[PDB]
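Note that the numbering used here has the sequence shown beginning at 12, numbered continuously upward. For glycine and all other residues, C-beta sits at the position ideal for the given N, C-alpha and C. One structure is given below, encoded as structure tokens.
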Amino acid sequence: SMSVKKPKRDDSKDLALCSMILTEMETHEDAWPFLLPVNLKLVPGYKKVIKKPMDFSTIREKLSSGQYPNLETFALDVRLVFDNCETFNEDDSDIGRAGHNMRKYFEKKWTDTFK
């Protein structure tokens with residue numbers, strides 16, 4: 012509250028560390044469905060169904076241009092990519108499986124880096 016603060020957690024390396032994580036997601040062999048924005052002209056249903064499209068390239072541009080106020084808003088966009096993928100893709104498809112694998116990969120790096 013006013014003039015009563017928890018001790019200051021060092022957040023000065025967050026930007027660099029989120030960038031490193033994102034590089035590791037970009038270079039994963041199962042990243043290919045997620046590298047670029049889904050083409051809304053060419054994928055029927057996507058525009059209407061997926062209210063907030065997100066992809067790694069869009070996250071990278073947001074990161075690079077100071078559009079994440081803190082590390083939690085970054086994790087929300089990453090998770091949005093996987094949540095979108097589960098909304099649109101059967102679990103038993105290549106892209107569905109890719110999404111589960113990438114979410115697992117991300118959540119471990121996240122926990123090991125920050126928790």
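Query: Taking only the alpha-carbon atoms, compute the straight-line gap between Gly77 and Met31 and give it to the nearest angstrom.; Result: 16 angstroms
Query: Buried or exposed: which applies to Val92, given that a residue is buried once 16 or more other Cβ atoms fall within 10 Å of its Cβ?; Result: buried
Query: Assuming contact is defined by CB atoms lying nearer than 8 angstroms, are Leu47 and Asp66 in contact in what I supplied?; Result: yes
Query: Check whether the segment 108 to 124 touches the segment 12 to 27, taking contact to mean three or more Cβ pairs, one atom from each stretch, closer than 8 angstroms.; Result: no
Query: Terminal residues of the continuous alpha helix (DSSP H) containing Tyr57?; Result: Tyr57 to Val60
Query: For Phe117, which residues in the same chain have their Cβ closer than 7 angstroms to its Cβ, ignoring the five residues on either side in sequence?; Result: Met36 and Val89
Query: Cβ atoms of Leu87 and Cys29: under 8 angstroms apart, would you say?; Result: no
Query: Measuring CB to CB, does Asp123 end up less than 8 angstroms from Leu82?; Result: no
Query: Please say whether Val54 and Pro64 have beta carbons closer to each other than 8 angstroms?; Result: no
Query: How about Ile61 and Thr84: do their beta carbons lie closer than 8 angstroms?; Result: no
Query: Return the residue from the list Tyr57, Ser12 and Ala42 that minimises the CA-CA distance to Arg114.; Result: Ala42
Query: From the DSSP output, in three-state form, read off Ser76 for me.; Result: coil
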